[PDB]
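The structure under discussion appears below in the form of structure tokens.
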Amino acid sequence: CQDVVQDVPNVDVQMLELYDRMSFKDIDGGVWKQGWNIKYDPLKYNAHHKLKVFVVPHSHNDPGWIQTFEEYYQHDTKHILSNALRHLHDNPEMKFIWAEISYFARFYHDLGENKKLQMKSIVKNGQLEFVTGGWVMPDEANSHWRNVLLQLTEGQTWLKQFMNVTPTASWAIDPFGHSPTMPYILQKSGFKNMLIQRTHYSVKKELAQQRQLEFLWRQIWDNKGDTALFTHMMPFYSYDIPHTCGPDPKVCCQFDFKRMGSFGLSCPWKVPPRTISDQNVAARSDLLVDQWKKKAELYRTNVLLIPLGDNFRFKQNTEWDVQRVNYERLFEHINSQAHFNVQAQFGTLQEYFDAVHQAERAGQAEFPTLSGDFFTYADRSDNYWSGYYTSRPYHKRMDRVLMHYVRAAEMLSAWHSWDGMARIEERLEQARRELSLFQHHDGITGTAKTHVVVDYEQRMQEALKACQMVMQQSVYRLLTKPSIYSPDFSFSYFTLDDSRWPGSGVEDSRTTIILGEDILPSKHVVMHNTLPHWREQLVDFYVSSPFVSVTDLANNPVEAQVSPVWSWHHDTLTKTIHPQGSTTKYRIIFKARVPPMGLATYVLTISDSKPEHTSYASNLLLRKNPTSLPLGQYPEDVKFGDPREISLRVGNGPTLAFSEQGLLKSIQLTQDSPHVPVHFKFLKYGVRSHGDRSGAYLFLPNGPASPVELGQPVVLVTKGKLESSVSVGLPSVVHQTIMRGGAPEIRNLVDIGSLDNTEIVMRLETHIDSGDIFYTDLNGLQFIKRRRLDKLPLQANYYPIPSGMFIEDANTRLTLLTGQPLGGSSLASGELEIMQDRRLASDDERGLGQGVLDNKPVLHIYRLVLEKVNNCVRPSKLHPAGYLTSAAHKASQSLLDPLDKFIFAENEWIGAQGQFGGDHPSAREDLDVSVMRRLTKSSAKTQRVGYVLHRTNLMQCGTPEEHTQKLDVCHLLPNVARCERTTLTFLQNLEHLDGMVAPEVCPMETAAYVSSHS
Ligand SMILES: *[C@H]1O[C@H](CO)[C@@H](O)[C@H](O)[C@H]1NC(C)=O
Ligand SMILES: [Zn+2]
């Protein structure tokens, strides 16, 4: 196992280092506006060394953006694919590449058998080639690596099954900036090459000058280089035709033959394309070949890639003809004119890469190595695309919730083989597909039109219901005496109870467990733990009486705490935001203990009076002019007082101090230790009154943020033995700090209401001496070192915060973990900030055609970890990576993969069992079974179950942390007959395992195993 901490990889280009040295000057470079006038030596090519040119036709199709997936499919995509089939079938030499399997699968299943065969043959013969092969071309900023793998697997599994092909070349031309998480997953999924396009114009210029646009992209911690994946970065501003034939768009535009008039398109550079003829082909070829040779100067081999396409192109037969015929005329002339020393033809992406490597092997080029990422993207001037790290935050939070439900549903039902009548495979496939679809770069990015966002939401909503159905049927089967188990596959044995989604104040969707002497004395509830280690976590449920006690199934009492159900209201009459307590429902909280990847059953029983093992929280409402707050049977009267500072401590945990406005002020780790200054503050960014406007994509602040005026907010303090919290109703945000004994949890109920052109940010101010350094994660997979650069505008120092960020000095670290991807930064030493929501009245000219005015209440959740790190073994100062501590990592897991809670629906659960998985191995804390998926239907003689195992890397800080069991996923199910290591998509067997034992992976590595059972 490589050491991912102590050895700084040696690479030719390290992006943080490059950023430190680069000037980023935006000067006019001529026709190549962001480059320079390329010159080449005409004698470079000759009869013994020709320029091999591959023109690759393509059509960028968005699975929803301006229209919904289905609208686009009916209006454009089905026509594009139908005509591609006809045209490639009839013109053997024509080629075309396709990226989005969601659309292809939709099309193919609608084809008659005769056309399905024609399609399979033009794929088999190399004319139509799939690039990447994912359900979509995902966003790379906000997406969790788990969902990136999920969507890749969904598209490639379909391709293997129906087209009998597995792409080994990736094509990502529209995501806004690129992440190294892509080559990470791709290289572990059989890929050999990848192509990217949207990277900062300054970066393109810099790498172009050094001919480092093609490189071996390895992970920042990879000292050996085994994670390396050959990567081609396109050099220009766009992937459209004007920006793909060479440096001068005024010239290249003339070779987009769809722009002559009848199609309603034209060249903005005022010179239109002209039909190629025998009288102008020599002159047209002169111009084109010159653009090609200039583009070739930016690369190292004699093989040139010329993409030929744009958004939703190749829709009409006449378009296919006009592009094909004119290019064939050019190729015939050019290839027969020796003086050009060029051989051009239509080709696919893989053809290009194969030729490149052939040149490489012939010793004509050697490629530089590179590590780092390509955020934050700017396509021109100061237009940095960091707004989409936050746009439509409700759905960004929804993404993480569904991510977990999908994993829990696939895992819970994987334990058994199911009769087709159970519709398990059906519901799981629909859930994987709707979540996969949302990974699209206009999905989770929040860059689609309003009605399209609604469509993604409804799809995800159906996906959540599908997961619930599968999960509850699974729990019922897993915890019911086999000879008693009598399932109705359409019945709801349990209903899921989720405390954080949609969340309190977002939607009253939770069911109250209704108990009563005259109706029902008790109720069984079950918790599931998808993580592969024993886990304890407080869980809460709503009950119709405060006199409730909890026991496990051996009938041992469980210490519980009851608290009121508080809801915040913006009182339009008193013009204040204050809480109201329920007089009929209450919250019961207790510690659940659940086996690794298992279940644990508990019972809630009503009593006529305060039960022995249940305590009641005190409540204190701080505000001037208070009014009574009755709580029905709740045994403790609410107390009142004028606003004042407060301190709280739960268990032996930290002690936290709050200001009289209910905001954190300091954290004291231990009895003796100091009260470390940690202050939460809320601010707002505006929009510029002149110049470019912020929109769904762009963050263009009109200067540093200004504090939100808080007035004299109402603060509610609940103090309990198991859980305490401080909540305050601020303008646009009900901010809540919850304490259960460890790092506190922070929840923000964000309702930006109608505050137009406003972006609300949550900031932490500390005295940590971080200087200009901070860390943010990439797709929940790794933490990368960031350096605030004052030579760049504010918005450029914003980065995606998909799951966490931290700052530190020699002695102290503050880590903020998130349950949703948002945008953030550290704009000053000792600071951390993350945007909550943004509402923008204007469009930002990238094609969306609207601002962002469809905001809705969202509940953002976080864990805030203050820790001493002076004893931790950390990477040296030049290492580009950072690593979490055990506490920070578990806090992230508590947000992304919490225990699942199920309430039994009928009055009596006959045959109920108290636990499942008690014998499952409790793996070391840095290991996770990211995916558990049964890969075969019940009719298969040999059952197969796939597992994706990921081991992160946690800092060694002196904690002994011992006694853990080896996890062999190949033996989790009985009767194993074979164990194989496979690509992450489970599509290719890479290793036949001895003793049928799946070994554990190394720190920062991910492996997939498939066990076969007889
Ligand atoms: C396509 O896959 C392989 C080529 O890699 C070929 O040998 C096989 O015949 C095809 N798959 C089918 C139809 O089983
Ligand atoms: Zn797109």
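Derivation of every value follows stated rules applied to the coordinates shown; laboratory data play no part. Neighbour counts are summed over all protein chains in view; Cβ atoms, including those assigned to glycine, are modelled from backbone coordinates with ideal geometry.
Using just the Cα positions, wrap segment 134-277 in a convex hull and report its mean projected area in square nanometres, one decimal place.
For segment 134-277, the mean projected area of the Cα convex hull comes to 11.9 nm².
Which Rg and Dmax, in Å, describe the Cα atoms of segment 457-601?
In order Rg, Dmax, the Cα atoms of segment 457-601 give 17.5, 61 Å.
Could you sort the peptides 620-627, 452-459 by per-residue average Cβ neighbour count (10 Å cutoff), highest mean leading?
Result, highest mean first: 452-459, 620-627.
What whole number of Å gives the distance from the Cα centroid of segment 232-275 to the Cα centroid of segment 51-114?
Using only Cα atoms, the two centres lie 21 Å from each other.
For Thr512 and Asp321, what does the FRET efficiency come to when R0 = 56 Å and r is the distance between their Cβ atoms, rounded to the nearest 0.05?
0.30
Sort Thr231, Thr605 so the one with the fewest other Cβ atoms within 10 Å of its own Cβ comes first.
Ordered by Cβ neighbours within 10 Å, fewest first: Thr605, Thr231.
Taking the square root of 5 times each eigenvalue of the Cα gyration tensor, what semi-axes in Å does the equivalent ellipsoid of segment 376-439 have, largest first?
Working: eigenvalues 276, 23, 16 Å².
Largest first, segment 376-439 gives 37, 11, 9 Å.
Pick out, from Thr776, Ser886, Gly849, the residue whose Cα sits farthest towards the positive end of the charge dipole of segment 618-897, with +1 on the Cβ of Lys and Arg and -1 on the Cβ of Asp and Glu.
Most positive-ward Cα: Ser886.
Only sites in a loop by DSSP and with at most 10 other Cβ atoms within 10 Å count here; which trypsin sites (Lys or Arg not before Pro) in segment 848-925 make the cut? It would help to have the intermediate numbers written out before the result.
Details: sites: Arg863, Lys868, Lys877, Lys890, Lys901, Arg924; in loops: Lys877, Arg924.
Sites meeting the loop and neighbour criteria: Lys877.
Which FRET efficiency value, to the nearest 0.05, do you get for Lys115 and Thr572 by plugging their Cβ-Cβ distance into 1/(1 + (r/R0)^6) with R0 = 60 Å?
So the FRET efficiency works out to roughly 0.50.
Out of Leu16, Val565, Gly446, whose Cα points farthest toward the positive end of the dipole of the chain (charges: +1 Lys, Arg; -1 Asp, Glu; placed on Cβ)?
Farthest towards the positive end: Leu16.
Expected output is a single nm value to one decimal: the length gained when fully extending between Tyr485 and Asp226, i.e. 0.36 nm times separation in residues minus the C-alpha distance. What is it?
Using 0.36 nm per residue and subtracting the Cα-Cα distance, I get 88.3 nm.
In the neighborhood of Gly641, defined by Cβ-to-Cβ distances under 12 Å, what is the net charge if each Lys or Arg adds +1 and each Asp or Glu adds -1?
Computed value for this residue: +1.
Modelling each spin label as a point 7 Å along the Cα-to-Cβ direction, I'd like the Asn811/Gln358 distance in nm, to one decimal.
Spacing of the two 7 Å Cα→Cβ label points: 6.5 nm.
Rounded to the nearest 10 degrees, what's the angle between the helix 424-438 long axis and the longest principal axis of the chain, both from Cα atoms, 0 to 90?
Helix 424-438 and the main axis of the chain meet at about 60 degrees.
At what distance in nm do the modelled label points of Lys624 and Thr583 sit from each other, each positioned 7 Å from its Cα along Cα→Cβ?
Using points 7 Å along Cα→Cβ, the separation is 2.9 nm.
Using packing as a proxy for protection, rank 40-48, 516-524, 204-212 so that the peptide with the highest average count of other Cβ atoms within 10 Å comes first.
Descending packing order for the listed peptides: 204-212, 516-524, 40-48.
Nearest 500 deg cm²/dmol is fine: what mean residue ellipticity at 222 nm does the chain get from its DSSP H runs of n ≥ 4 alone, each adding -39,500 (n - 2.57), divided by its residue count?
After summing the helix terms and dividing by the residues of the chain, the value is -6500 deg cm²/dmol.
Under a point-charge model restricted to the Cβ atoms of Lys and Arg (+1) and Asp and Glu (-1), what is the dipole moment magnitude of the chain relative to its Cα centre, in debye to the nearest 20? Numbers along the way, then the final one.
Numbers: 106 positive and 114 negative charges, 220 e Å.
In total the dipole reaches around 1060 debye.
Which of the pairs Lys33/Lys188; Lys192/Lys295; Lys270/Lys295; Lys396/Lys785; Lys188/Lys465 have their Cα atoms more than 29 Å apart in this structure? Please list the in-between numbers first.
Values: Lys33/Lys188 38 Å; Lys192/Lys295 24 Å; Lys270/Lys295 22 Å; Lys396/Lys785 24 Å; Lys188/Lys465 32 Å.
Table pairs above 29 Å Cα-Cα are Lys33/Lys188; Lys188/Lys465.
Where the eigenvalues come from the Cα gyration tensor of segment 633-778, what are the semi-axes √(5λ) of the equivalent ellipsoid, largest first, in whole Å?
Gyration-tensor ellipsoid for segment 633-778: 32, 21, 13 Å.
Does anything in segment 153-192 have its amide N under 15 Å from the 7 Å Cα→Cβ label point of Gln988, and if so which residues?
153, 156-157, 159-161, 164-170, 184-192
Between segment 637-658 and segment 1-18, what is the C-alpha centre distance in whole Å?
Cα centroid to Cα centroid, the span is 46 Å.
Identify all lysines with a Cα-Cα distance to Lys95 below 19 Å; exclude those on the same chain that are fewer than 8 residues away in sequence.
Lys52, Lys78, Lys115, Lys116, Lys120, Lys124, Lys258, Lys315
Output the 0 to 90 degree angle, nearest 10, between the alpha-carbon long axis of helix 101-110 and the longest principal axis computed from the alpha carbons of the chain.
Roughly 80 degrees between the two axes.
If a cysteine in the chain has no other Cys Cβ under 4.7 Å from its own Cβ, put it on the list, ordered by number.
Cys467
Please give the direction-averaged projected area of the C-alpha convex hull for segment 382-492, in square nanometres with one decimal.
7.8
Mind checking the angle between helix 113-124 and the chain's longest principal axis? C-alpha axes, 0 to 90 degrees, to the nearest 10.
In the chain, helix 113-124 runs at an angle near 70 degrees to the longest axis.
Quote the charge dipole size of segment 803-921 about the Cα centre in Debye, to the nearest 20; the model charges only the Cβ of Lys and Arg (+1) and of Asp and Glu (-1).
460
Please report the base-10 log of the normalised intensity I(q)/I(0) for segment 11-84, using a Debye sum with one equal scatterer per alpha carbon and no solvent, at each q in 0.11 (1/Å).
-0.77
Find which of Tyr476, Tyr201, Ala431 sits farthest along the positive direction of the dipole of the chain, computed with +1 on the beta-carbon of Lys and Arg, -1 on that of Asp and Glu, about the Cα centre.
So the residue furthest toward the plus end is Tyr201.
Rounded if a/c is under 1.5, else prolate if a/b is larger than b/c, else oblate: which is segment 920-1014, with a ≥ b ≥ c the root eigenvalues of its Cα gyration tensor?
In terms of gyration-tensor shape, prolate.
For segment 554-663, what does the alpha-carbon gyration tensor say about shape, rounded, prolate or oblate, given a ≥ b ≥ c as the root eigenvalues, a/c under 1.5 as rounded, and a/b over b/c as prolate?
Note, shape of segment 554-663 comes out prolate.
Go through 739-750, 85-96, 643-654 and give me the packing order, highest mean Cβ count within 10 Å leading.
For the peptides 739-750, 85-96, 643-654, the packing ranking is 739-750, 85-96, 643-654.
What are the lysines whose alpha-carbon lies under 19 Å from the alpha-carbon of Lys665, with same-chain residues fewer than 8 places away excluded?
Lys681, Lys719, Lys868
Over the chain, what per residue volume does the convex hull of the Cα atoms give, in whole Å³?
So the per-residue Cα hull volume is 170 Å³.
Quick one: length gained pulling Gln913 to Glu1000 fully straight, 0.36 nm per residue minus the C-alpha distance?
That pair, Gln913 and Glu1000, stretches by 28.2 nm at full extension.
Suppose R0 equals 41 Å; then what is the FRET efficiency for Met421 and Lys868 from their Cβ-Cβ distance, rounded to the nearest 0.05? List each step's numbers first, then the result.
Working: r = 57 Å, r/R0 = 1.39.
It comes out at approximately 0.10.
Report the net charge of residues surrounding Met398, where surrounding means a beta-carbon distance below 10 angstrom and charges are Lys +1, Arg +1, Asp -1, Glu -1.
Here the count lands on +2.
What's the magnitude of the charge dipole for segment 382-492 around its Cα centre, counting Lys and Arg as +1 and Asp and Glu as -1 at the beta-carbon? Answer in Debye, nearest 20.
280
What distance in nm separates the simple spin-label points at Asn652 and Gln209, each placed 7 Å from Cα in the Cβ direction?
With each label placed 7 Å out from Cα toward Cβ, I get 5.9 nm.
Rg and Dmax of segment 618-897, Cα atoms, in Å?
Expressed in Å, the Cα Rg and Dmax of segment 618-897 come to 19.5, 61.
Extension gain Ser381-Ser607, at 0.36 nm per residue separation less the Cα-Cα distance, in nm?
That pair, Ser381 and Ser607, stretches by 74.5 nm at full extension.
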